[PDB]
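> Begin with these chain(s), straight out of the complex:
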Amino acid sequence: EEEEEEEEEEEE
Amino acid sequence: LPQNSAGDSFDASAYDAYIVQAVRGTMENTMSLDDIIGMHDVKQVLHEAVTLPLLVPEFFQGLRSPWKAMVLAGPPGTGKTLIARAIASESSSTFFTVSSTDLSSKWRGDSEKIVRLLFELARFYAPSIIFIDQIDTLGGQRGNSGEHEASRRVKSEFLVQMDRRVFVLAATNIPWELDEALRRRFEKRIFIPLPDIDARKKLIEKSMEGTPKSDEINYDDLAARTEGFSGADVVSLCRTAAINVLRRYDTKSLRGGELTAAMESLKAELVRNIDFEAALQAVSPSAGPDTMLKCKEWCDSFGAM
Amino acid sequence: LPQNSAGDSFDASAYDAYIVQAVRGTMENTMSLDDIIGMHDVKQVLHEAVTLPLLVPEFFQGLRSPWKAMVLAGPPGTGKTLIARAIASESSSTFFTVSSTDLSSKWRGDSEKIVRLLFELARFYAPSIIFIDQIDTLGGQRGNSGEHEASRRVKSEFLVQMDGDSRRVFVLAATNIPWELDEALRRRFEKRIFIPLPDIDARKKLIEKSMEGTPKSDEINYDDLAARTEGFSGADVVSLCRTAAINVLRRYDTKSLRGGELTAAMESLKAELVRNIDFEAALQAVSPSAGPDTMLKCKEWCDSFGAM
Amino acid sequence: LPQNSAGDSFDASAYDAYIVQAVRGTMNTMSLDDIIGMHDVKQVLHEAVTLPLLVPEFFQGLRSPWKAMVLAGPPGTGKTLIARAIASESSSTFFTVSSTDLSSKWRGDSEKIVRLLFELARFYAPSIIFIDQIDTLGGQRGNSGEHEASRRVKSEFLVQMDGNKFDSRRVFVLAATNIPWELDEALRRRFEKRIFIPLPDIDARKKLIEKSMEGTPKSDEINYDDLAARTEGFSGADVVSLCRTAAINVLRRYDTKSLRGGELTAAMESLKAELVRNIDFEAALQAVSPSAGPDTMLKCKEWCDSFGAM
Amino acid sequence: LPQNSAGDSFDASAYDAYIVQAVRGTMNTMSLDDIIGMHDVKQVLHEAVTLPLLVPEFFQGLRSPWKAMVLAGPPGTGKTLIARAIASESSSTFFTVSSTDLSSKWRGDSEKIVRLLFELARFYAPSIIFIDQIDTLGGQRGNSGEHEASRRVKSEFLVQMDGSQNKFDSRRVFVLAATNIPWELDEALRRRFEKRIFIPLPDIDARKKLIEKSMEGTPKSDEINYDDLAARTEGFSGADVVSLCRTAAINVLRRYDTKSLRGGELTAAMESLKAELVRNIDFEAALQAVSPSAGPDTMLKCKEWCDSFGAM
Amino acid sequence: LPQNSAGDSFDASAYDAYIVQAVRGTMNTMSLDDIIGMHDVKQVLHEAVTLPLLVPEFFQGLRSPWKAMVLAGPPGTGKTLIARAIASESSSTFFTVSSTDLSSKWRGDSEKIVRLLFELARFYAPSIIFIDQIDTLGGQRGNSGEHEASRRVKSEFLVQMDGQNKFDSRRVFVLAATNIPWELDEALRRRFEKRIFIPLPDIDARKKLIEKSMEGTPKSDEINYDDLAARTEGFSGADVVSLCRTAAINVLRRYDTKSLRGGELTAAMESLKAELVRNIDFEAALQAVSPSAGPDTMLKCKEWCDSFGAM
């Protein structure tokens, strides 16, 4: 199987 | 999973069970197509779009091909799910109600299977209508700010997937966030206006058909004192007028004793004209003139009305 | 999972086993609505929104259907978390609690199914009441900068779920910044009220309601304590009362006596009145959590868009 | 995880590994009589932490114990020292959480660690939470360059810190900052004690010097009254820096840059007994300047004299 | 990660890999007599690193070793050279950190980098940390429009630089930083730096010893008066004098005609050109052709700043 | 990232997959005596990168090679040509940087690019880095509306440029090009030794430009170079070449070659290859394009290089 995580990036 | 007309059977042995459970879960109160005030043009294009091929299927052979896609844009509260539910009632087509929470897809490469299986299942039941509410979600830019490397695949599968007939309806509150390849692919982009001073009289005189009105017949004056109400709020005005008929006799003090026939003395009471004056000083429109003009400018720069 | 009324049972099979634990974690008769003073309009809509459709349910039909939403708005110290607990005490309805923190998950596509499960259980149990706290988060217009993708689909699942059946739910919310709300969300909230700071007459009833139970002198002139506050937040009145009541310990020098000859000295102190010296010393020490411009901006906003 | 009083145990089954580890990571014998002055905050700590262990039948109804207190003042006056002193003198469990233990690259941890922190602080004991430099943690909500994933933390503090009439377990929230006017208008209401801390005046620095110099041999040339009269506007940290630089100036009277190794370890024993004369202070008084001129002190004084709860 | 003295180890499990790599990537034959001038900074480094290494029993109690120093000067003088000199002439491990080590794309990775750096420098040795160009990290804290991540870095420096609440565990750390603009540091970071020192542009005798230092190995004539060369360069920095020396060393090559000689007769004349000495005319021609990186306003502002708020 | 000399390879395990593409996207012939005038830049480049190639045994110790140079002056005066010439004349690798490549979306995704570029330039052969238009990259540090994404590039340049100095792997030479040299830092200009200002105009060199550009096989009677060189007043080094292109198009535009298709095409084309140019279309070109150059920029640059220029 394969799962998915989530990220959080910031930008200007 | 049931069969269809003429006893055909879909050979859905090629997918997992929760996917077909999800897409069957996205599949009666008979409302009326004349139960909506205003907007004759969209009723015309729906009449040409789904009803007329049923009656006369020989006219739509060559250059008179019926339309295949459509989008309504306008402010919130003009009734964009109302036309959808009305045409879901008064038709023989099998309706559908897809959403963005209907495409959750905790695994990877499973929303794609859901959209492809949805569109292949839609070509099984022959007259079909697909209703995608609030296409702003899944309808951002393909190089926008917040995106993974997976939702772009959903948008591309949707663009190639749209090519046995179906017809897709959709709506938004914010039209300018839409794409370009998604915008050009939708054949008919229609602005929805707020109700004018003539439609409001029909709307408030039509909604008030159960309660006894006596002499508040200044419907021209009641449509003239409300300048810019947003359609879904005048029904709240009539509802607040009924509750203002209730609030006049102090019933917060009574606790159980004789509180059943006290309502019977108020279940026969009629809506007088004093209720509207206290009803106009307690309701303001939900918006300012900001989103309406922006939707008007977007429908003037791209709308094929 | 418990059973609802009439012995039915829910089929929660498509949902994962930690979502159900979360919503089960989201879920008596202590106080009453006569405790909270002032605020006549929200008391009226609460009386004609949950109490009265339990007595005569054959009257609220058709055009007279009961309300479906409300949102409080006002300064951050006037009391709008208290009324939610009060209506949690004085009803027979399954009261939920959901804040903005038990909706997030580090997997893709769990933050929209929690809301669906929440509304489905709120339909399934009873004529229930959900109370969404601090709705300014999960709010805001969707054409903002720096808006992440799941935080759009939460607002989408809310906006599709809050409409469209004689099973009643009455969603209510509270915020301090109502102008930073989404436009297509504050139409669904059928009643938007304003909550003012208390005037010169409610403050006396607050002072009298607070000082009950503690033995006081009969010479405390309440009218001067009423007319001298003049801009207090409504929650600062209770703090003024607590400072004036605990000030009697700062009168007797209890900094040196420890352990011995002290545990009886406090018993000598435990029946001492709270005289006017404590109030005159307490007014020089406590100032409001001020900046009355926020009250003025929320007043102008709810006087240009509010449905009283 | 540890156990608690009465041998119970928490059940952290709904949380992952690194969350309970990161809250596990935030969990001598000095007394409170080393602090110079500051009677009011000592009074509030006395009637808020010390007294509810001895006589608990008193603090019952309207006399419920406090729940929060913010110290505010110019930098370098003794804020973290009171916190460490109360940690070493009480019997409570002590949490020192600061604004770096609340962030992670995943989504949904910035709001969960706060909830697990408060639930463990309620589960263990009559505990004390000490958030240091909350001005970074709580800013204004409706502001310009605010990222979205900090509003969750602000709302989490704003809900959690006021939650029936049961559950007679106590949690005291202490916080320090030096820019208090950037706190949000709804989080300043939760902190019901907003004391201001002043710079030391001319009667306190004499006692501070007299506390700091005990333990090292000195002469009786020193006039502490003149030393208090010239050291005006200093911090506490500058006074300690002065009292240290005097002794290191006594090292500089013996030029040891030339010698290297040869009887050098036996050289300093002639220096390890030397006295600290008045010339040392007469050099260190012009060796050291104050840290910052008065512009933050006047802003904090004009702030706490209008919105401050002493 | 390598082990330390006494065979111990660090259990770096709670951080990800690339943070450990990005701090691990930030880790002889010089002398401390190669620094012309700067007596007091040599005094502080003498009495804060080299003396506790020999006699640690003297430095305890009120005579604790210092934990801070910031060098503020105009941008010409030697502020990097002194740090590399103390890095070579020690037995303690060195950590250089510039402003681009504390940077990542994700959210909340700068803080864990600073945390890991301080814990590693505490674990390995009585080490020394050199944060060069400090003004690009700590600005002010409430100015107009800084991002919501740099303020966390300032908070992390503030909460970590003082500490070690246990009165035991005297594992020494000494943080060193150089900048050009000291009137732009936050006050709560400024008092954490004791021993804030000013550094001047060099004097007459410093310039004389500089020209004496720079011209060794290369043969010069015996008609060179160093005194006029000192007295004419009124206003030169400590970095332009070496550039003047280099130009006076290459002017003897530009004096002959090698731009015209192309390929042929090039390798045959370069062997005898190395013995041609350096006369006064090369110094006069270089001195007419070299002007300082002037603008004496900045030296004035920095000296008035460190004369108002400075601690020597 | 292909390879380098002597068959080695790079190990870029520390960076992302989009950053290294932005630096890989930053990597015809020309003759040296094409560039006329400006003997000082030839002198500095000859004693900078030419002579250390054949003779590395002379340049050791105090005689270390230079590491910086700045060309100030008016726009369009031949800076890119000298860059290409010193690129192609030696066997050096040639990087080029503008302001439009040091820009990406995420915070801190620009500062890894500069360090990666300098690590590559030390990793490869002895190379030349041409950072053009640094008046936008390097402003002043203590400005008013200076972003918190602009100071860190300046700090990275200052820390990286002067790097721990004993017999390095290969020399690397950085150039510069700027139209406004008073708006530069006080800590960045010090890393730039050998600052030099170059002017635009000349009379005899403009004549030599015309003699090196006007390679028309016709026009044996258009020899009026004294008046053609007296009419180059205020014309920059690109202006005369654009004038020459204007004259060579007005050769076939002064004669009616418009709508000769079908009828009289090949004879009208082949009798035009020897067609005599005169001062007619040259006079058309003289009064067509006026120079858009102002003297204030030249005067202020000549004033700035007087005080702070190390020629």
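Nice, thanks for sending it over. Numbers count the residues shown, from 1 in each chain, chains lettered A, B, ... in the order given.

> which residues sit against stretch B:297-305?
With contacts defined as CB atoms under 8 Å, 6 or more residues apart in numbering or on different chains, stretch B:297-305 is touched by B:41, B:73, B:175, B:176, B:183, B:188, B:189, B:190, B:191. Where C-beta positions appear, they are placed from N, C-alpha and C, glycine not excepted.

> Could you give the bridge partners of the second one?
The one in question is residue B:73. Legend: beta-bridge partners of residue B:73 under DSSP bridges are residue B:172, residue B:191.

> contacting residues for residue B:60?
So residue B:60 contacts B:52, B:53, B:66 (CB under 8 Å, 6+ apart).

> Is the last one in contact with residue B:56, as I believe?
Yep, that's residue B:66 we're talking about. No: contact criterion CB atoms under 8 Å: residue B:66 and residue B:56 do not qualify, at 11.4 Å.

> the more surrounded of these two?
residue B:66 (14 against 8; other CB atoms under 10 Å in any protein chain shown).

> For that one, give its distance to residue C:69.
Distance from residue B:66 to residue C:69, counting by CB to CB, to the nearest Å: 40 Å.

> Please apply the same query to residue B:181.
38 Å.

> got it, and residue B:302?
Here the criterion is CB to CB. By it, residue B:302 lies 34 Å from residue C:69.

> Give the closest residue to residue 4 in space, chain neighbours not counted.
Chain wasn't specified; assuming chain A. In space, and not counting its chain neighbours, residue A:4 is closest to residue C:108: 4.5 Å by CB to CB, 6 or more residues apart in numbering or on different chains.

> can you pull the buried residues of the host helix or strand of residue B:301?
Residue B:301 is located in helix B:291-302, with elements delineated by DSSP states H and E. By 16 or more other CB atoms under 10 Å in any protein chain shown, the buried positions in helix B:291-302 come out as B:291, B:292, B:295, B:296, B:298, B:299.

> re the thing from before, which of the contacts of stretch B:297-305 sit farthest apart?
Using CB to CB, the contacts of stretch B:297-305 span at most 22.1 Å, a distance reached by B:41 and B:176.

> quick one, what contacts the residue of chain A found nearest chain E?
Nearest residue of chain A to chain E: residue A:8, at 4.8 Å (CB to the nearest CB). Contact partners of residue A:8, counting by CB under 8 Å, 6+ apart, are C:148, D:105, D:106, D:107, D:149, E:106, E:107.

> And residue A:9, by the same measure?
E:105, E:106, E:107, F:106.

> how near is the first one to residue B:146?
This means residue E:105. 15 Å.

> Ok, the third one next?
Applying CB to CB, one obtains 13 Å for the distance of residue E:107 from residue B:146.

> Repeat that for the second one.
Remark: distance between residue E:106 and residue B:146 (CB to CB) = 15 Å.

> Count the neighbours of the residue of chain A found nearest chain C for me.
At 4.5 Å from chain C, residue A:4 is the closest residue in chain A, using CB to the nearest CB. By other CB under 10 Å, 16 other residues sit near residue A:4.

> pretty sure it is in contact with residue B:109, am I right?
No: between residue A:4 and residue B:109 there is no contact under CB under 8 Å: 9.9 Å.

> Quick check on residue B:189: phi, psi?
Main-chain dihedrals, residue B:189, degrees, to the nearest 10: phi -120, psi 120.

> Strands along the stretch 201-305 of chain B, start to end?
Applying DSSP state E, counting those that start in this stretch to the stretch 201-305 of chain B gives no strands.

> then add chain G to what we have above:
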Amino acid sequence: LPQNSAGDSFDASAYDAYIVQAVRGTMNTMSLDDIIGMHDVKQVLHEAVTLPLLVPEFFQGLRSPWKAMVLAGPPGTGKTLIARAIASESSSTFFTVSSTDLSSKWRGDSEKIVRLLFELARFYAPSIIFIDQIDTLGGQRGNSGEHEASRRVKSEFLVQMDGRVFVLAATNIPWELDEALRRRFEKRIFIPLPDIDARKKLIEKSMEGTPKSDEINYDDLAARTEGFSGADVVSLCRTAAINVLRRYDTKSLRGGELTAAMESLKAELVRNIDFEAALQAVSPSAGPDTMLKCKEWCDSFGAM
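Okay, chain G now, added to the rest:
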């Protein structure tokens, strides 16, 4: 692959035999003189393709031949028409590149197509090569929520720019082009939309099979639609054909003899007032403001 001029053939046997089968399908009798405007682009195509290949030393050095051109304008101008016109006018192997010849199933075969194309372009003839919709394949290069595969295809495209052979491109949104592309694009000339004459032919051809009244005049219709692109005349005739239905009353009446009125509607014919009502309501797909941003771009960065 077939041969070229002077009897040679390409040997790409090191690469695959279906890549060459995927590019070989890219190499007519279009309107050579029948364009009644835009004589400047015909002049530059006559003097940059034919004349430096008839007299090869007339354009050299200072009279320089170009090497690239980025045509900007509407999606309704005849870029393909004049492109195939120069194809059938010159003696050049006219290649084509669409948005679909840059997709292949393997990895590493999405970059070799460009290389093999440039090799064939230099091998065959005095060629001229064209790439359509470069603003759709290549926008901004190095994004991160754009995955690295399109970044590498664009990198191999810029790596194969150094290809005699003349490269050519056409765009529709020109400020979306990258900064490194316009420095090689020596000219970006502004192309206005076609004329009164072009629409009437598609009007007369697109209305076959439909019963039309013989009172309609194509001149008055052809002169009042100034500003329309190619698909808008099809939209106009579609709205006319549906206005034919919209004249009657069919939503109100139902059931009783509806098919008689529908047979009368199928028997009915279009009026001139039908085209009037179709033209008085139908708007263009894009409003006349993207042309202003295009002219701002050609004024700012373009050579026009």
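
> can you check the contacts of residue A:8 again with chain G included?
So residue A:8 contacts C:148, D:105, D:106, D:107, D:149, E:106, E:107 (CB under 8 Å, 6+ apart).

> Put together CSV for those, with distance to residue A:12 on each row.
Shown next, in CSV, are these (distance: CB to CB, whole Å):
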residue, distance to residue A:12
C:148, 16
D:105, 18
D:106, 22
D:107, 20
D:149, 16
E:106, 15
E:107, 13
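
> coming back round to it: any residue of the helix holding residue B:301 up close to chain G?
Yes: Helix B:291-302 reaches chain G (CB under 8 Å from any CB of the partner chain) through B:300, B:301, B:302.

> quick one: the first one and residue G:286, what's the gap?
The spacing between residue B:300 and residue G:286, counted by CB to CB, is 11 Å.

> likewise residue B:118?
32 Å.

> tell me the domain ranges of chain B?
Domain assignment for chain B by CATH domains of a matching chain gives B:1-194+B:283-305, B:195-282.

> Can you give me the end-to-end span of the last one?
The one in question is domain B:195-282. 20 Å (CA to CA, to the nearest Å).

> Where does chain B get nearest to chain D, residue-wise?
For chain B, CB to the nearest CB, closest residue to chain D: residue B:146, 10.0 Å.

> cool, chain A as well?
residue A:6 (4.5 Å).

> Can you tell me the closest non-neighbouring residue to that residue?
Nearest to residue A:6 is residue D:107, by CB to CB, 6+ apart, at 4.5 Å.

> returning to what we had before: what about the residue of chain B closest to chain D, how many residues nearby?
When neighbours are defined as other CB under 10 Å, residue B:146 has 16 of them.

> Could you do the one 10 residues further on as well?
The number of residues packed near residue B:156 is 13, by other CB under 10 Å.

> now do residue A:1
Residue A:1, neighbours per other CB under 10 Å, totals 4.

> Contacts only, for it.
So residue A:1 contacts residue B:107 (CB under 8 Å, 6+ apart).

> How much space separates it from chain G?
Plainly put, residue A:1 is 23 Å away from chain G if you go by CB to the nearest CB, to the nearest Å.

> Can you find the residue of the stretch 1-150 of chain B that comes nearest to chain A?
Taking CB to the nearest CB, the stretch 1-150 of chain B has residue B:108 as its residue nearest chain A, at 4.8 Å.

> my read: that residue touches residue B:149, true?
No: between residue B:108 and residue B:149 there is no contact under CB under 8 Å: 10.6 Å.

> So which of the two has more stuff around it?
In this view residue B:108 and residue B:149 are compared by other CB under 10 Å, and residue B:108 has more residues nearby, 14 against 11.

> How about the contacts made by that one?
So residue B:108 contacts A:2, A:3, A:4, B:150 (CB under 8 Å, 6+ apart).

> In stretch B:124-139, which residues are buried?
B:124-125, B:127-139.

> Please apply the same query to stretch B:3-12.
residue B:12.

> got a list of contacts for it?
With CB under 8 Å, 6+ apart, stretch B:3-12 has contacts from B:1, B:20, B:117, B:121, B:124, B:125, B:126.

> What about the first one, how many residues nearby?
Residue B:1 is flanked by 9 other residues according to other CB under 10 Å.

> can you check the fourth one too?
Residue B:121 has 18 neighbouring residues, counting by other CB under 10 Å.

> I'd assumed residue B:23 was in contact with it.
Yes: taking contacts as CB under 8 Å, residue B:121 lies within contact range of residue B:23: 6.3 Å.

> list the contacts for residue B:99?
B:26, B:133, C:156, C:157, C:160.

> now do residue B:204
B:219, B:222, B:223, B:234, B:237, B:238.
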